[PDB]
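Below is one structure, written out as structure tokens; comments come after it.
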Amino acid sequence: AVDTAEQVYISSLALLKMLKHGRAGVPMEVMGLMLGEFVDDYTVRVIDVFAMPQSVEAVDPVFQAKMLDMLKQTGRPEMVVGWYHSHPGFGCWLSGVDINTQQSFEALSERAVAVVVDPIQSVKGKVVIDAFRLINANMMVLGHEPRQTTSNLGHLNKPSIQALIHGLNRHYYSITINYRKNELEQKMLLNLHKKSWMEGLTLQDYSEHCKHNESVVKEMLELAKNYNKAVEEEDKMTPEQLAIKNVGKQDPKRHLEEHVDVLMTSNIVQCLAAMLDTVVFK
Amino acid sequence: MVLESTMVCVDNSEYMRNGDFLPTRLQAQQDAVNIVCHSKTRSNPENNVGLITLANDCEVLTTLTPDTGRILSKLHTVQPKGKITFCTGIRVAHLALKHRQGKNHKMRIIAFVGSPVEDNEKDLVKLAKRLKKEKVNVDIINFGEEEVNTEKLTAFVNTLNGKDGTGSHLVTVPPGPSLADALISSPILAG
Amino acid sequence: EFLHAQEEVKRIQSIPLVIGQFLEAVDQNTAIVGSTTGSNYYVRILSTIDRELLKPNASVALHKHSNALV
Amino acid sequence: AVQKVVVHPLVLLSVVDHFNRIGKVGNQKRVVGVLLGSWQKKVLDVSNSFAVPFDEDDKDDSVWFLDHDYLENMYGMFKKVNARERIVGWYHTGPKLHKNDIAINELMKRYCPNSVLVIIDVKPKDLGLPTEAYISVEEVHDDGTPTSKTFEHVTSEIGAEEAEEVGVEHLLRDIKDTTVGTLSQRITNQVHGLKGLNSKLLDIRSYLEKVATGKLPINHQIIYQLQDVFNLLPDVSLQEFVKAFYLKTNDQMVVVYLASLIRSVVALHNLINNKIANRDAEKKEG
Amino acid sequence: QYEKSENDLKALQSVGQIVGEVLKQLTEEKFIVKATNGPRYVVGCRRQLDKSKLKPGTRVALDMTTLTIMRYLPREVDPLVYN
Ligand SMILES: [Zn+2]
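Protein chains in written order, with the authors' numbering: chain c, 24 to 78, 84 to 310; chain b, 1 to 191; chain D, 71 to 140; chain Z, 5 to 290; chain E, 39 to 121.
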């Protein structure tokens, strides 16, 4: 018996169920169960996620047994592997009671996993997901992980400061997480932002189109007005004092490319679709 | 104490609307439901009861469940109107019991048939061997005019438990509200 | 990759920042702001902000911990 | 009327997982679950969904089972956990909807005012928009149909939310994507559009040759309605329509001309800018 | 008496809140508020505060730690008046 370089296998539904639950209960720690499968001594796999009511102490486990039952009879039976909750705008660190449920859980199952989530620090590009694993204190001097591979040591990331200020190595150990993707969900997830041929065959309008070009050309004239004075101006001031006196209201040479780009991309497609609609049709 | 799942096929067809039984076939088959639900109740609370009709759109009024009070609530205002339908009754009772959460329970079925059926013996042999695959021993207690001496039903049963199976059985429908405790005096555990 | 870079910077705000006021800038990407917390500070700025939004002490936001013009 | 619906990306995955659940049978086991949505407007919103046990034989498609008990308990749990959510309809993983599919809606029209169906496609070989939904009506016909009952196509779309866009689009990093690709998404658009046109034409001609000869019903269903489709067919090249093009196309050509005009000069500035710094730093370097 | 003890048990874990006013609604979830004792902040409601009722000048209750709007309340109580 010894630790390893463990891996956290996920379920794509699990992530969304996380973020929607925590976001909906954003002003407080929202709790829930992590349901999955113990694939081996090395890696874990979560496939199902769900939560319960909380007014953090969960109420009647009669929801528990009936929930897992009806989840077994429809679909199949599975195994509870861990759990999760939120640290809204927090250091995604196991709170004092959060660790207090951990001696409760690891005593039940060995590889009981805590799951920290914050729907606050997560930007649309990247989410701040987290999960931890309690460690004993009796072995505070004795080694805890054999470290037989670089992956969970010098191959992952670097512990953050706001959670290292709480445990960072102590009272628990971090764990790596990845994403397994079925090809079935993968293909449909690939395509969810395309439209039908109607969109690709629309001709927006030439009254508001020509009205629009008539718009942008107008102020673009003024942008050229400013651009003449600015470019010819050229105080011999060194290439950085210009970069300190340009903060303000100064903006030639910037809008000029922009309006040209937009006026390009409009007129181009606007002509092209009209072309196709006549070549192809009749 | 045995594990099973009772599936009853009540008859709300038109031909149940008569008095070959003393009060009415509705009260007769209803009371037989009273004795079957108490029977399985006293046998094993783990066992579960589900009912089905034989009307145009044969209905699962109660999903297979150990409680019987719901079935008793369903028995009232049963509205025995329509036409007796058999081959789709054993079918809807057939594909239903594969939706069971508990699989140790043996798929059992009892049917209350009290209207003239129009089935075929090749149909009862196909359905019979189909009931050989899952071994759904069904004991039907007929309540009213069913067929010529319950023909195509002892053939259905024997073609169900062929080669000395004797698990399914066929009752009779000529005198009245047979005390099913007397009908299953010896076959009290398995009719 | 650069466009992926701009979006990932966005996590810094997350809303609860502070309401302060821009005061002045010393040089490129570093300025001074007097917060509504009564005190005044010397801070850096994000490269995302357009430099045309300055002048006459604009209403600005700042990080709680860092206290940077975001 | 509902006239359109907004389905979120959670569902269309919370169905795929369950098709995966009983997906071991392989041959055929139609996945049916409960659809959950919002009484938003005439337009309707769809947020949640869950499953329910369902089986059906091969012949005589009248033998199918939806556990009303399981539906009652599990939706009781989903109401206890979310009163904001509520039942709106249902779905099935059928690539093409079946003749049996009307009896299901007709069954559970008692829970929802109209339990709208939802057809999803696990394998949308078509690269268009999958997972379209219908809502049944009655269209009793001159023929003498006692109840001409058939579903109705209703436009739908994919929902969106701040958090779910976050988590999903962070998951989209596994593949490359040019969503900011200037004047590229358009070209892709007309490509996939014309592809849909050709697919539809090949389909309608497949049907049309079949009905034309040998064996197919020759009903008055479409046969002249699609003729009226031929009725429009604008005769592009004619007298004054030329004045439609040449009086505007050159207009947009003028704007494009000016844009290139300034773009060239702007590009020309950097030549002086760097040709100054190069040699001026060189001569001072030496 | 055991019932009273349970009452205090439940009463133990209730933390107060900050009192402030709503300056202006920046967006659907971005709000500009000011503490009564000084500076201002940018906050958000929870999900179901009925944000239509929030207007410039109203008074609201904020979370101490998360610092978000919870339970917008009526006008204030001016202790030179109740006496
Ligand atoms: Zn916590």
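By construction, the Cβ of each residue, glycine as well, lies at the ideal position given by its N, Cα and C atoms.
Practice problem: Could you tell me which residues DSSP puts in a beta bridge with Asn75(E)? | Solution: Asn75(E) pairs with nothing; no bridge assigned.
Quiz item: Beta carbon of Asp67(b): closer than 7 Å to some heavy atom of ligand 3?
Solution: The model on display carries ligand 1 but not ligand 3.
Quiz item: Whose CA, out of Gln39(E), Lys42(E), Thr74(E), lies closest to the CA of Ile56(E)?
Solution: Across the set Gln39(E), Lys42(E), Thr74(E), the C-alpha of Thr74(E) shows the shortest separation from the C-alpha of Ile56(E).
Practice problem: Report back the beta-carbon spacing between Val38(Z) and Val19(Z) to the nearest angstrom; my notes put them in contact at under 8 Å. | Solution: Contact flag wrong, Cβ pair sits at about 11 Å.
Self-check item: Delimiting residues of the beta strand (DSSP E) encompassing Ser160(Z)
Solution: First-last of the beta strand (DSSP E) with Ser160(Z): 160-162.
Quiz prompt | Near ligand 1: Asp126(c) beta-carbon under 7 Å from a heavy atom | solution = Taking 7 Å as the cut-off, the C-beta of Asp126(c) counts as close to a heavy atom of ligand 1.
Quiz item: Does the pairing of the segment 127-138 of chain b with the segment 155-162 of chain b give three or more beta-carbon distances under 8 Å?
Solution: Under the Cβ criterion (8 Å, minimum of three pairs), the segment 127-138 of chain b counts as touching the segment 155-162 of chain b.
Practice problem: Please look up how many angstroms separate the CB atoms of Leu42(c) and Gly27(Z), rounded, as I've assumed it's under 8 Å. | Solution: The Cβ separation is near 26 Å, so there is no contact.
Exercise. Answer yes or no: do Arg46(c) and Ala167(Z) have a C-beta to C-beta separation smaller than 8 Å?
Key: For the 8 Å CB-CB criterion, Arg46(c) and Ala167(Z) form a contact.
Quiz prompt | Partners in chain c for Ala95(D), counting only beta-carbon separations shorter than 8 Å | solution = Under the 8 Å cutoff, chain c gives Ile272, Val275.
Exercise. Could you tell me whether the segment 180-199 of chain Z touches the segment 286-301 of chain c, where touching means 3 or more Cβ pairs closer than 8 Å?
Key: In this structure the segment 180-199 of chain Z touches the segment 286-301 of chain c; the number of beta carbon pairs closer than 8 Å is three or more.
Quiz item: According to the Cβ coordinates, are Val108(c) and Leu36(c) closer than 8 Å?
Solution: Their beta carbons are not under 8 Å apart, which means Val108(c) does not touch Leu36(c) by this criterion.
Quiz item: Any heavy atom of ligand 1 closer than 7 Å to the Cβ of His115(c)?
Solution: At least one heavy atom of ligand 1 lies closer than 7 Å to the C-beta of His115(c).
Practice problem: Output the distance between the C-alpha atoms of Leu111(Z) and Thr62(b), rounded to the nearest integer angstrom. | Solution: Each residue's CA atom was taken as its position, placing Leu111(Z) and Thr62(b) some 15 Å apart.
Practice problem: State the beta-bridge partners of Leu212(c) as determined by DSSP. | Solution: Paired residues: none, contrary to the question.
Practice problem: Taking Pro116(c) and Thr104(E) to be in contact with their CB atoms under 8 Å, please state how far apart those CB atoms are, rounded to whole angstroms. | Solution: Rounded, the Cβ-Cβ distance is 6 Å, consistent with contact.
Exercise. Give a single yes or no on whether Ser150(c) has its beta carbon closer than 7 Å to a heavy atom of ligand 1.
Key: Checking the Cβ of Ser150(c) against ligand 1 gives no.
Quiz prompt | Cross-chain neighbours of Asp59(Z) in chain b, by beta carbon under 8 Å | solution = Residues of chain b whose Cβ lies closer than 8 Å to the Cβ of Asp59(Z) are, in chain order, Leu95, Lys98, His99.
Quiz prompt | the segment 94-112 of chain Z / the segment 62-72 of chain Z touching (three or more Cβ pairs under 8 Å) | solution = With a cut-off of 8 Å on Cβ pairs, the segment 94-112 of chain Z is in contact with the segment 62-72 of chain Z, counting three or more such pairs.
Quiz prompt | Cα-Cα separation between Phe156(b) and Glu211(c), rounded to whole angstroms | solution = Their Cα atoms are separated by approximately 48 Å.
Quiz item: chain Z partners of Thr27(c), CB-CB under 8 Å?
Solution: Neighbourhood of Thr27(c) in chain Z, by CB distance below 8 Å: empty, with the nearest CB roughly 26 Å away.
Practice problem: Indicate whether at least one CB of chain b lies closer than 8 Å to the CB of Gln101(c). | Solution: Cβ-Cβ to chain b under 8 Å: yes for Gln101(c).
Quiz prompt | Secondary structure of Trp225(c), DSSP reduced to three states | solution = The answer is helix: DSSP assigns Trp225(c) an H, G or I state.
Self-check item: Beta carbon proximity, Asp46(E) to chain c, threshold 8 Å
Solution: Residue contact with chain c for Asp46(E): absent (no Cβ-Cβ distance below 8 Å to any residue of chain c).
Exercise. Taking only beta-carbon positions, decide if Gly117(c) is within less than 8 Å of chain E.
Key: For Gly117(c), the nearest CB of chain E lies under 8 Å from its own CB, placing it at the interface with that chain.
Self-check item: Per-residue burial, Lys40(c) [other beta carbons within 10 Å of its own, 16 or more giving buried]
Solution: By the 10 Å Cβ count, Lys40(c) comes out buried.
Practice problem: Compute the minimum distance between the beta carbon of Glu85(c) and the heavy atoms of ligand 1, and state whether it is under 7 Å. | Solution: No, the beta carbon of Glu85(c) sits no closer than 7 Å to any heavy atom of ligand 1.
Exercise. Flag this pair as yes or no: are the beta carbons of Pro177(b) and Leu26(b) separated by less than 8 Å?
Key: Not closer than 8 Å, so no.
Exercise. Note the first and the last residue of the continuous beta strand (DSSP E) segment covering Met303(c).
Key: Careful: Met303(c) lies outside any beta strand (DSSP E), inside the alpha helix (DSSP H) at 283-307.
Self-check item: Backbone secondary structure at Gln269(c) - three-state DSSP
Solution: In the structure shown, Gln269(c) sits in coil (DSSP, three-state: anything other than H, G, I, E or B).
Quiz item: Secondary structure at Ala165(c), three-state DSSP: helix, strand or coil?
Solution: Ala165(c) falls in the coil class under three-state DSSP.
Quiz item: Is it buried or exposed for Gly182(c), if we count other Cβ within 10 angstroms and need 16 for buried?
Solution: By the 10 Å Cβ count, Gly182(c) comes out exposed.
Practice problem: Apply the 10 Å Cβ neighbour rule to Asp11(b) and answer buried if 16 or more other Cβ atoms are within range, or exposed otherwise. | Solution: By the 10 Å Cβ count, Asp11(b) comes out buried.
Quiz item: When every heavy atom of ligand 1 is checked, does at least one fall within less than 7 Å of the C-beta of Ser123(c)?
Solution: Correct: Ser123(c) has its Cβ closer than 7 Å to ligand 1.
Self-check item: ligand 1 heavy atom lying under 7 Å from the CB of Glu52(c)
Solution: Yes.
Quiz item: Can you name the start and end residues of the beta strand (DSSP E) that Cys37(b) belongs to?
Solution: First-last for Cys37(b): 25-43, but that is the alpha helix (DSSP H), not the beta strand (DSSP E).
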